[PDB]
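Asker: Protein sequence lines correspond, in order, to chains F, C and W. All residue numbers for the first sequence refer to the working numbering, where the first residue is 72 and numbers rise by one. All residue numbers for the second sequence refer to the working numbering, where the first residue is -3 and numbers rise by one. All residue numbers for the third sequence refer to the working numbering, where the first residue is 656 and numbers rise by one. Where is the CB? At the ideal position from N, CA and C, for every residue including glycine.
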Amino acid sequence: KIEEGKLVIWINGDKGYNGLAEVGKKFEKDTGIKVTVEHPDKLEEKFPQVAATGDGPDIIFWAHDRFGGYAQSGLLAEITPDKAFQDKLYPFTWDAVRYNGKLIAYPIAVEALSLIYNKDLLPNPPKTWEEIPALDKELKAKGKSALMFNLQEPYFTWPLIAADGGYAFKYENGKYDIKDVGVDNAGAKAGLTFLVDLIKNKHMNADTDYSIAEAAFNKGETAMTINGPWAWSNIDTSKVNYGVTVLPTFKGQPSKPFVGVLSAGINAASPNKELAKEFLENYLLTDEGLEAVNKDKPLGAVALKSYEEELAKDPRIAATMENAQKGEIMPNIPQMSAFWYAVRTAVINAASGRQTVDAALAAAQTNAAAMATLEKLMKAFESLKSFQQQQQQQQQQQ
Amino acid sequence: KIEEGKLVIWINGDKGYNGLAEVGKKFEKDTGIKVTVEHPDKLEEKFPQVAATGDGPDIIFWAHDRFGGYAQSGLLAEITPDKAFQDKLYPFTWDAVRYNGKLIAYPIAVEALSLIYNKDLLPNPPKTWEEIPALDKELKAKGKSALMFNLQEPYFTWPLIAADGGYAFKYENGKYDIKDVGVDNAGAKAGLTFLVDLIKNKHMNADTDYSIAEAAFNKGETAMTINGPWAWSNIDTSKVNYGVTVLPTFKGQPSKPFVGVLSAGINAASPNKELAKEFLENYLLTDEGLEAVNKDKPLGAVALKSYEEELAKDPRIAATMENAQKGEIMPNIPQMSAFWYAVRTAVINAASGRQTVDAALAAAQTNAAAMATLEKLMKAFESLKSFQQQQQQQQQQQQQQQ
Amino acid sequence: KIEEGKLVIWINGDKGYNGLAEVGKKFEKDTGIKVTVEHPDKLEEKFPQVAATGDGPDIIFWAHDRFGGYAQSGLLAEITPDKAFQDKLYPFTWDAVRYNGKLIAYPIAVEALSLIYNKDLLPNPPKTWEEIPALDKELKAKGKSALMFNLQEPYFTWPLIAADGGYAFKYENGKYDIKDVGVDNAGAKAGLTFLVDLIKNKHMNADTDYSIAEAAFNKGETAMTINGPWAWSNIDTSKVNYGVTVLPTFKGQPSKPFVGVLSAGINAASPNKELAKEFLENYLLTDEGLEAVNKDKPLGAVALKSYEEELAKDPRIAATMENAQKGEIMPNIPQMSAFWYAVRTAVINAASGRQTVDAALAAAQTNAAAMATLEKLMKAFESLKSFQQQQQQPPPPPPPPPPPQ
Ligand SMILES: [Ca+2]
Ligand SMILES: [Ca+2]
Ligand SMILES: [Ca+2]
Ligand SMILES: [Ca+2]
Ligand SMILES: [Ca+2]
Ligand SMILES: [Ca+2]
Ligand SMILES: [Ca+2]
Ligand SMILES: [Zn+2]
Ligand SMILES: [Zn+2]
Ligand SMILES: [Zn+2]
Ligand SMILES: [Zn+2]
Ligand SMILES: [Zn+2]
Ligand SMILES: [Zn+2]
């Protein structure tokens, strides 16, 4: 009992859900359909629980990375946008929303790391990573630092590593070639070498965690930090005059940051599949649909070109999109979670001086793809196999 | 002990074993060799203990699915029958007895599921699945039911799931590309959807096992049941005037039931190779040779064309063969055992309503890839504590080198 | 040590480290870089500890067989021998020091099983295995056996099993198709069948290890035995007129022993790679270079052509090179560990007569492909989850494998 001639939608309670209900209210006045917008506890964990029984929302708004886990479990139905509508958003986005070579959701917003500098002590930010050794020495004169960011998290260091040539998995025609990890090619090796070199030369530091990093920019002790939109709402509080632009280029090559995409899919057992697709087609994905959601909580850079250009005037949005346009979509696959853990145990050891670059990266590849399925096959089996035998005889033992 | 120079034969019991002694009589005359037949108990597991060591029977009659594991263990010897002899049997029975491109057994009899109907309620049975709902209410008025067959089983339900396009492991070129299941494509979805509908719309029950099915048709409480030749004798004793025909077609596509070709194979450690392949190729696989066994215990439809027509006059056999022709040759690989438990839980979840079609169904592919691996890792685990444990320290090394 | 501006070399306490050291003070004078030659304990284990951290020697001398885990763990650096230098060595040795298509070391010495025969009991040695039966009866009368070698080992039996057409994996350009395990084809069957036939035929015993075969030869109880260069020294002390020649041919085809190649690899962390390459190229590996090492302690067959044709004068050396050119460059991949164990139990079973040739040979490769992931993957995450999450002998893992009922 998901619905019956109405649209109940799910979206995280920190989003522009009030602006969405306004789009649902304008939708109601136009067709005659009651559009409930909800925002329950850890929905992304509770959704695959009820949607498996055939219940819950008609539509669910979430970042694409968590969608592959639904799209595989047959919880999302395939969408069907005509080519006329497919051109309205962006070429790179659609690619973030296909599972098994077929579109599984409508992309809403976008999320990419950008370079945040202090215009007061640094009015013209660097175009490359190569003057940062030059810039830190100059900054050390006034008791300041050129760069200070979280090295304890792979997502933050990945823009540099993947800048020259490195890549997580090889995306081939809407079908990631899983057996093609790229944390070994000279590009990934030269990248991480540079990162550790800055730690060695003392142009940077090692124990910089997110707590320290963000709070080192708000007091104005550093010239630059790399961080995504979620940080903007803290630089305003700190008064600090802040500029946002494209990341610096390494070896002349543009940096590759991982790009998430807030997207909305349609439930597999949601009878109102037409209305759900109807609401999303020309009520939310229209200029206003987003303008209305944007007012409640700004969603950064949007998927829709037409409204993306209207929002482009804002430099921060303008740069986030430019960073996203040369970035790699964070793979929506299940082995992605093992990659992160592998690359994390790499960069921690590489920076610490436990393993020389070339060794820890080549180790990551061996204990990434191989330790990806090892537990997967085992856990996924020992969970379902025991569960199967646990639930079966207990059903008759009730 | 080495199997002996005579042709020693093993065979379960249910089949016409005394019928082989009559074939051994035509064989003891021309070539003059004593053809014994042992009827062992639980031999489907006692074979890789005697034939593994170099003993066991020269020949073994058994369903082809079990022959994969025998074949893979190197216990069975490859055969090469005449190209003209191969055309003596149905081309589809040949693909049943192959491993990695190599023929490893002689096909005897086929066996597929078929529609069984009570002539005194359905004088003309439906060719279409879609008419099951309409026929149910028409019979419910008389206090009856349209169809009733086992649901706690993938063997019986699969025919419908597979009907549209759903398959186990893909067969391409005398092999199985295992990394290519098909319990999730549109076909497999459309099928199980339809089956779950008859359950929720009350045209059909959910908790129906085999016991309730077979009996209800014998008691005349249903007008159709899906079953094989193993229940023919029971409906003979029920005194119920029953028919039998080709399975109902879903979505204009023929329903595909799992096949089961009974076959004989010559084991590797059986030096009496030529005799076996002589006796089997000619003496048993003659027009008359099959009569002999069939006369003891009926074999159902047979792989041999010429003799097939002879029995095909009985519609019961003609439809078993017509349904085998258009079905899945039950793959003889190790991963197949997993396919069962995964669909087993998939179909029971879909029927009880606790999950849904696409939901419980997409799980089966994840369960198929997850169950197969550990089973194909646990049989080495048992071997590591029996070859690197028992062979390394229990026996010889402690029994002589202590 | 980390070095920086110098050259620290690890070899092995028993090889011609002195001869290498003389090349050390030779190179030292020509450039200005003092070369140190050290011989640590169990260095084959020590290297992947200290090298992984950016310490250890600049170059390492070891059998390419273990260089696979070094090249894979990213500890060794890629080399670049010019086209002219490539041709200077025996073509087949270059295949020994390749990883994922890349060269990861310089080959030095070659070591392959040979055929050692007593000249007194048997002047002209048999060139075929099919003659072993008839030769055995001939010697049985005089109270002697024709051949006795190690049977509780696949490194000694394999040469025959593979002689017909079998192999470990598949090398067809510069890679291994690991899903190819060829211990099952007619070759292996016909091979092992012959060997097992000999045991049942009583032409040879079943409970023969190394120590027995080495002793029975040296005492002159047997005519022939299969053994590498390492056993020569003991036959020298036994004063038994021995000769070494090519292995007996089976079914017309040459026999096939696994080839080992001593190699000199350069650490990835070495700041002075240029010196390491210049020392290993233009010094040690030119006639005189090896001439030094060989004099402190013999090397056997050598990767270099010029100095080989001069060493080959010794019949035994030219017979190791003959055997090696027909041998099977032993794979350095991590799967090789399981393969050995697999064949070990396959032969121990076939010899004892428990299972048929066809069974033991099919059951070998299934136990091998299952074993390849049972430990190389299981013990790989087992220790990773143990540490990165945390807060000779297989010793099997957990967890709970509940089946049925
Ligand atoms: Ca349109
Ligand atoms: Ca608000
Ligand atoms: Ca007749
Ligand atoms: Ca077909
Ligand atoms: Ca030292
Ligand atoms: Ca000089
Ligand atoms: Ca040159
Ligand atoms: Zn909420
Ligand atoms: Zn500096
Ligand atoms: Zn407007
Ligand atoms: Zn109905
Ligand atoms: Zn020493
Ligand atoms: Zn003999």
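Using the beta-carbon of each residue, which ones in chain F are nearer than 8 Å to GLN990/W?
Answerer: Ordered by position in chain F, no residue passes the 8 Å Cβ test against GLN990/W, which lies about 13 Å from the chain.
Asker: Please check if any C-beta of chain C sits within less than 8 Å of the C-beta of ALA1005/W.
Answerer: no
Asker: Ligand 2 and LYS368/F: does the residue's C-beta get closer than 7 Å to at least one heavy atom of that ligand?
Answerer: yes
Asker: Buried or exposed for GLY798/W, going by 16 or more other Cβ atoms inside 10 Å?
Answerer: exposed
Asker: Confirm the yes/no value for this check: CB of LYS661/W, any heavy atom of ligand 5, distance under 7 Å.
Answerer: Distances taken from the Cβ of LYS661/W to the heavy atoms of ligand 5 include none shorter than 7 Å.
Asker: Please list the terminal residues of the continuous alpha helix (DSSP H) segment that includes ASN937/W.
Answerer: Its alpha helix (DSSP H) spans residues 928 to 937.
Asker: Pull the bridge partners of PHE905/W from the DSSP assignment, please.
Answerer: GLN908/W
Asker: Got a sec? Which residues, its chain only, sit under 8 Å from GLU149/F by beta carbon, not counting five neighbours each side?
Answerer: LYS173, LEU174 and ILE175
Asker: Quick one: does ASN987/W have its CB under 8 Å from some CB of chain C?
Answerer: no
Asker: Output needed for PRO77/C: all residues of its chain with C-beta closer than 7 Å, excluding positions within five of it in sequence on either side, in chain order.
Answerer: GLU277
Asker: Flag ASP942/W as yes when its Cβ comes closer than 7 Å to any non-hydrogen atom of ligand 6, and as no otherwise.
Answerer: no
Asker: For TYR172/C, tell me which candidate among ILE325/C, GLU318/C, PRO253/C and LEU188/C has the shortest Cα-Cα distance.
Answerer: The residue with the shortest Cα to Cα distance from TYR172/C is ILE325/C.
Asker: Looking at chain C, is there any beta carbon in it that lies within less than 8 Å of the beta carbon of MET219/F?
Answerer: The beta-carbon of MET219/F is placed no less than 8 Å from the nearest beta-carbon of chain C.
Asker: Near ligand 1, which residues have their beta-carbon less than 5 Å from any of its heavy atoms, given in chain order?
Answerer: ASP153/F, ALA155/F and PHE156/F
Asker: In this structure, how does DSSP classify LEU770/W when only helix, strand and coil are distinguished?
Answerer: When DSSP states are grouped into helix, strand and coil, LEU770/W belongs to the strand group.
Asker: State the beta-bridge partners of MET879/W as determined by DSSP.
Answerer: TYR772/W and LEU802/W
Asker: Over the uninterrupted alpha helix (DSSP H) stretch that includes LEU794/W, give me the two end residues.
Answerer: 787 to 795
Asker: What residues of chain C sit near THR151/F, judged by a beta carbon separation below 7 Å?
Answerer: Using a Cβ-Cβ cut-off of 7 Å, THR151/F is close to nothing in chain C; its nearest Cβ partner there is about 15 Å away.
Asker: Determine, using beta carbons only, whether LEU99/C comes closer than 8 Å to chain F.
Answerer: no
Asker: Under 8 Å, with one C-beta from each stretch per pair, do the stretch 164 to 171 of chain F and the stretch 258 to 272 of chain F reach the 3-pair mark?
Answerer: At 8 Å Cβ cutoff, the stretches do not touch.
Asker: Work out the CA separation of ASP54/C and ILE29/C for me, nearest whole Å.
Answerer: 13 Å
Asker: Could you confirm whether any beta carbon from chain C is found closer than 8 Å to the beta carbon of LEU146/F?
Answerer: yes
Asker: Determine which residues share a DSSP beta bridge with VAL315/F and list them.
Answerer: DSSP output for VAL315/F lists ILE187/F as bridge partner(s).
Asker: Taking the alpha-carbon positions, what's the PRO155/C to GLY161/C distance?
Answerer: Near 10 Å, if we compare the C-alpha coordinates of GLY161/C and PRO155/C.
Asker: Within 7 Å: the Cβ of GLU362/F and any heavy atom of ligand 10?
Answerer: yes
Asker: I'd like to check one pair, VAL765/W with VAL916/W: are the Cβ atoms closer than 8 Å?
Answerer: yes
Asker: Between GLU209/F, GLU292/F, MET392/F and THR320/F, which has its C-alpha nearest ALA234/F's C-alpha?
Answerer: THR320/F
Asker: In chain order, what residues of the same chain have a beta carbon less than 6 Å from the beta carbon of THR293/F, not counting five sequence neighbours either side?
Answerer: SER216, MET219 and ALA287
Asker: Could you name the residues of the same chain whose beta carbon sits closer than 7 Å to that of residue 399/C, not counting the 5 residues immediately before and after it, in chain order?
Answerer: Residue 399/C lies beyond the residue range present for chain C, which begins at -3 and ends at 398; the question has no answer from this structure.
Asker: Reducing DSSP to helix, strand and coil, say where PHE190/C ends up.
Answerer: In the three-state reduction of the DSSP assignment, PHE190/C falls in the helix class.
Asker: From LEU16/C, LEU39/C, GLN249/C and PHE63/C, pick the residue whose C-alpha is nearest to that of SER259/C; which is it?
Answerer: Looking at the Cα atoms, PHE63/C is the closest of the given residues.
Asker: Near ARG999/W, which residues of its chain fall below 6 Å by C-beta distance, leaving aside the five closest residues on each side in sequence?
Answerer: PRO809
Asker: For chain W, find out if any of its Cβ atoms is closer than 8 Å to the Cβ of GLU393/F; answer yes or no.
Answerer: no
Asker: Which residue comes first and which comes last in the beta strand (DSSP E) that contains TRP125/C?
Answerer: Careful: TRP125/C lies outside any beta strand (DSSP E) and carries neither H nor E.
Asker: Excluding five sequence neighbours on each side, which residues of the same chain lie with their C-beta closer than 8 Å to the C-beta of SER423/F?
Answerer: Hits under 8 Å: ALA277.
Asker: Hey, would you say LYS670/W sits closer than 8 Å to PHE740/W, going by beta carbons?
Answerer: no
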